[PDB]
Amino acid sequence: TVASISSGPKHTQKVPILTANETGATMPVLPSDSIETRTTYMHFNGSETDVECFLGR
Amino acid sequence: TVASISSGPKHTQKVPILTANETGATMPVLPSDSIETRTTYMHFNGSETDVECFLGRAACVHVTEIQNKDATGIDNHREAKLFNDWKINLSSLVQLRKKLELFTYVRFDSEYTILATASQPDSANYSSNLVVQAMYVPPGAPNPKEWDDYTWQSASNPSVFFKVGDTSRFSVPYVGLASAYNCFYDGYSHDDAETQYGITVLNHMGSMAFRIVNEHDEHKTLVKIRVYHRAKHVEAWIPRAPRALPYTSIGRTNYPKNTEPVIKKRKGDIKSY
Amino acid sequence: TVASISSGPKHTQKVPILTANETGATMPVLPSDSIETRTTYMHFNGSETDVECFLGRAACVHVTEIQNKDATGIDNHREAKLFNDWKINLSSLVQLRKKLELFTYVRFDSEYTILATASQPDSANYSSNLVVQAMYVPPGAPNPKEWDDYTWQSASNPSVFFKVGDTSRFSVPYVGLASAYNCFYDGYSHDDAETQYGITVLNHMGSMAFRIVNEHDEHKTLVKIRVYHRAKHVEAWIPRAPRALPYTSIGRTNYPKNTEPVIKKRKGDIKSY
Amino acid sequence: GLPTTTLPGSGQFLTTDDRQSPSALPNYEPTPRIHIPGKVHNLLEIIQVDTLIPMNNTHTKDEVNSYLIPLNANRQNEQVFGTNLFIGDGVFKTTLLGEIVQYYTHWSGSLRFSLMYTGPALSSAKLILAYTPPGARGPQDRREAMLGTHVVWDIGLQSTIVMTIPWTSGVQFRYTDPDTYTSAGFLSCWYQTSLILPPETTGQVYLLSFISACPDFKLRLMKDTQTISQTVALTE
Amino acid sequence: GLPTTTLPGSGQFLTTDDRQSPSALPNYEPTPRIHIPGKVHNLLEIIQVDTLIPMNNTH
Amino acid sequence: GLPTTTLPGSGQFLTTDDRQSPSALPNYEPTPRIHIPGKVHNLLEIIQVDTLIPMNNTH
Amino acid sequence: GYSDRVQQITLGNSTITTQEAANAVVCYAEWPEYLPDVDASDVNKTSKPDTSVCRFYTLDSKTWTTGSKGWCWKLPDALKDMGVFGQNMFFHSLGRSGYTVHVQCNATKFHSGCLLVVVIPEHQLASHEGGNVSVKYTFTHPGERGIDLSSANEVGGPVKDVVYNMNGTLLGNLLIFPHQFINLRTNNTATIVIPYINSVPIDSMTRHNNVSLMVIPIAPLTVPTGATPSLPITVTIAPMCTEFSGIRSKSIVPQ
Amino acid sequence: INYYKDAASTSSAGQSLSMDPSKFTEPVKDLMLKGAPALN
Amino acid sequence: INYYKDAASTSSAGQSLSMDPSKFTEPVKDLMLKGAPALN
Amino acid sequence: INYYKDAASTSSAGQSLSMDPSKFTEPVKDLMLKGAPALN
Ligand SMILES: Cc1cc(CCCOc2c(Cl)cc(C3=NCCO3)cc2Cl)on1
Ligand SMILES: Cc1cc(CCCOc2c(Cl)cc(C3=NCCO3)cc2Cl)on1
């Protein structure tokens, strides 16, 4: 799984960082929408935040 | 496997025993390069020198003590040993320390065994049966102030309840921040001019807290806790020179002043046997 | 299997019962060589005379004793039995000794059982519950000086913690230097004129050390340790004459002076029944 | 309900046993491993790297000088140094080899002893190193020394000489803590001809000496080292 | 009778262990589940919804 | 957790029983065996060698 | 006619030639390489100035005399002020690097002396005070000057006792670390290639030094008769495969 | 191996490995594409 | 048989049986052959 | 079933069922046949 993909300079008409929060959504913006990133992998599953785990001790 | 091959007289232009140590290599010279040998087999694998084996037996890492007594009128439970803690660390005891410091970075799961025995140094009718409660307060967790706090509820904190005289055992995954535990660290927390130096700044994984669940009987009971640690699934990188001088502190390399010569002086000459 | 075959009258030139013992052989003569027999079967295998069976049951090899008491002001823990040791050896007790000395060289794994019971010879309110710690100090290891030394940390030394009244058990591989244990050794350490003689020089495998983990209660408690040893995976070479006279020392063959006749004198003649 | 019987040893804690345990942190995900140069797998890997021996032990406080074996120009027939081979004690004891051997009870195998010469390049020398197998005394003169394992070393362009103490033994293991029956011999070194310094040069020259184990080597039965102890627990 | 040995840790209660237990109510039948909008499975699902920060903390 | 019941005899030490035990020296390698003439396997092997009888016991 | 003896290292816009080498050591048998993605954590693209940072900087020279005890430099500290390497260093949040170290000392065939040149990963120093006294920042960040083991104890500084490696271990065992000797009679330089060694993929270049380079006289310098009794030792070091990441404002560090 | 008959007596459940924040993070009626204008 | 779910809870690891001293004993850049001259 | 890893930890060995007294009862160099004269 990639945690971040590689992304480079941008000069577009397509701006993912401008939104309208009045709508009630949290738009899924990522580091790679606003800086230049390199690939990295997650190495993690989110196992210990499962509700079974959270309420299970 | 052969430990030595058979080899006979030599009169060559090819001399394996002359080398240049300035290069930094240790050339792999064998008995058969300089005497006449006979075949012999190894009969041995080097099993018990594997690092998993070397670091894999339980070592005592900590001895603490708590007492069961009437807390009535005690203004500071922590101070009365109504309950103690041990800001977790494996540098306390030096037996296991020297072994670990043979490497720079080390990675392993831990298996803890906790033995608890009771003592009744002054007149008691009997020996009571107490139940110990060991809870690991992760850093950034409500620290027990009292001995029957709300913290002891440990609803999200892994805790174990066992009887005095008995042993508790479990295991913990490698909870290191990095890819491995730093046995040494030549750096600081941040670019300060007074900030501490060493690993004592890197190894901040909270502390363990013990206490006796039972209320107080008429006499007082001393319970002494011994924590044993066994590394399992060991991985070690970059060997270093063994520790020669005595240790003075958890987490610093410092040795004591006016220490004694560590190399044994000859009783005789260089020429002596 | 037949134990005896059927055999009838004989009038031969072939006499199996006349031999020459000067040769060193024991000729395999049977009942059927000299009387008339009938067939009978063995019905038996000789299972319980196998050397594995003969040396394979636990035998008491050592009884020692340690006490739990206030060490305050004791200048010599070892001397107060605040903790004892037993420079390991299987020659102490003679019951298992005689059995072993039926052979010259012996090779086996050991299974140890350690029983510990407590005694309170003088007025106590109760019986405390103590935990014993048996650690094997391999030769060339820091010997415990005190009862709560740094040695007891035993971070590289195999150690076991069990409760008094209970038993501890484990097993040890054959830790002999050679290919087998020398039951006898007609030699010395080196070509000296005063150096000791025997095996006591060959059997130097350190000692075992016991101690009570618990601090001291108001009364004193005597704990007496009994070590049992069972050979498993036995291999024995070269049978010898059984021991006739009493033993005097671990590791020497010496018998006591003015000992008594070991052969029972007849009450009567050679002719007596 | 299945019927069971418990045996002697139940409830004991043996620091050397290896069993499963419940994890206190169910479901936790450890940090990924990244690559780090230098991984060690066996202590046998590292005791083959040679390290310096403080052979010149004759000082009174630890000094850089006890690593230096001095050599005198123009001496003939004489002896450069001597030592027994109790690798767990004496000169050997602080070396990495000595230091690891001390974690085990028994050792067997060949040792590699080398000498690197540091005198001016325009000097010359011929030394003899001799290994004396157990059973005889430390040699007292080269004649005595030269009848056992030896190497005539000719000091040249090639700066180091590697002598091997081949495993000579009845018993297949020796104890690391010095023991008689189990003793390994002596190592001595003498002038074969003599050190000669070029003009305009003077004084003592020194040899550095190293020790490491051959691939031959075996160590067994782990135990605690006499090389470290303590009187109270340390704190931060 | 099968021979056993008990290890260190026997009888301990670790609040984080996960094992089977006898049911006190043998054979009881729980109420059927009906559908309810909003099921959460991971705390990671909810920390992606944004909420307001009291940035102006100065009161 | 599997349900068990312990029988009479639990915890006893019978010097003649034969069971497994943990090794105190995990991973240790014993010295190789070499050949030695004279191996004995059964006491029945040796009681077939004859030895002298002090028949004249009258001393 | 290639000898182990003559060598040329060209890195960036700078070249070194030695006509009296003794092979070269590559720590742990690994050559410096960039940070692979599979090992990456920070999502930032990194900056690889290449030839402007990966060239040879020659630190100021030392003087070996008969009384010398040895010198110690820390990396990347020693280079904190060299050209654009240094700027990059103060300006990014994180950086990573390997190095080629070339230590130089020539004499004549009448001199004797032997230096140990060793690289110690994570060399945590000891306070000469004992106990749990710390070693202040400035003291472990000497810069190009390095630490002079024959200088006096100072307060808040490390201990400078040579037979203990500045940490409670014996000089004799430093040979377990990648190292090479300079024996006037053999050798005139020492070269060690250092791969990046850390427990994290990239780190801060200012709060943590990841190797100390140490040059220690072991067989004392002995000059020919009526020669001047000293020789200079020069250290030239080149960052290799350097990467910087997390650019911003420019760190301010004590003193 | 379950040793017991009832389902309540079994150990903890096993990870949902379900995970879908959109019911919480994007409950909008007309779908919003990142990059397209929020309000048209 | 593992009785437990997590990997940390398993027993000790099993012998590397890896063993390669050359990273420590021969980290030289140009390969040295035993028997050939050290410095050419 | 061995529960333990090391060989020393296994139970007692099992009967040699070897049994050959001739090394002890007839170690003579030239073979003696029962019934034939001892000394010829
Ligand atoms: C090095 C090193 C290793 C460790 C161990 C980290 C802390 O580990 C524990 C955890 Cl995660 C839990 C418990 C615990 N949970 C219930 C009882 O004890 C104890 C410890 Cl030591 O610290 N420094
Ligand atoms: C003959 C003969 C046999 C032995 C036995 C050798 C020593 O064996 C032991 C070992 Cl290796 C370990 C332990 C031990 N480890 C943890 C507790 O006891 C005890 C003994 Cl006797 O000595 N002479």
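Residues numbered from 1 in each chain as written, not as in the entry; some residues may be left out. Chains lettered and ligands numbered in written order. Part of a larger assembly, values for the part shown. Heavy atoms only, no water.

Structure determination for the deposited model, as stated in its record, used X-ray crystallography, and the stated resolution is 3.0 Å.

1. Structural notes on the site of ligand 2
Taken together, 14 residues form the shell around ligand 2, and within it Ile88, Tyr112, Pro158, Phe170 and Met208 of chain C come nearest. More than one chain reaches ligand 2: the nearby residues come from chains C and F. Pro158 of chain C places a main-chain nitrogen or oxygen 3.3 Å from a nitrogen atom of ligand 2. Contact with the protein chains covers 97% of the free accessible surface of ligand 2, which is 550 Å². Every element with two or more residues in the shell around ligand 2 is listed here: β6 (131-137), β7 (159-163) and β8 (167-172) of chain C. For the shell around ligand 2, a count of residues per class yields 13 nonpolar, 1 polar and no charged. (Near = heavy atom within 4 Å. Polar contact = N/O pair within 3.5 Å; in protein donor to acceptor, adjacent residues only side chain to side chain. Areas by Shrake-Rupley, 256 points an atom, 1.4 Å probe, with all protein chains shown as cover. Helix = DSSP H or I, 4+ residues; strand = E, 2+ residues; numbered from the N terminus. Nonpolar A, V, L, I, M, F, W, Y, C, P; charged D, E, K, R; others polar.)

2. Some points on the sheet that holds strand β13 (residues 186-191) of chain D
Residues and elements named next belong to chain D. Spatial strand order, β6-β13-β9-β10: 4 strands in an open sheet with antiparallel pairing. In this open sheet, the two strands that pair with only one neighbour each are β6 (79-84) and β10 (149-154). Ignoring which end each strand starts from, the neighbouring axes of this sheet average 10 degrees apart. Note that strand β9 (residues 126-132) and β13 share 6 bridges and pair antiparallel. Paired with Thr132 across the bridge in β13 is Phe186. (Pairing = 2+ DSSP bridges. Axes fitted to C-alpha atoms, helices over the stretch in contact; angles between N-to-C directions.)

3. Looking at the interface of chain G and chain I
Taken together, the 15 residues of chain G in the interface contact 10 residues of chain I. Of the roughly 1100 Å² buried between chain G and chain I on both sides combined, carbon and sulfur atoms contribute 57%. Summed over the three residues of chain G that lose the most area to chain I, namely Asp4, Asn23 and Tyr28 of chain G, the buried surface amounts to 40% of that side. Inspection of the region where chain G meets chain I yields 0 salt bridges. Applying the counting rule to chain G against chain I returns 5 residue pairs in polar contact. Looking at the side of chain G that touches chain I residue by residue, the class counts come to 9 nonpolar, 4 polar and 2 charged. (Contact = heavy atoms within 4.5 Å. Buried area = accessible area lost by both parts, 1.4 Å probe. Salt bridge = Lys/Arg side-chain N within 4 Å of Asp/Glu carboxyl O.)

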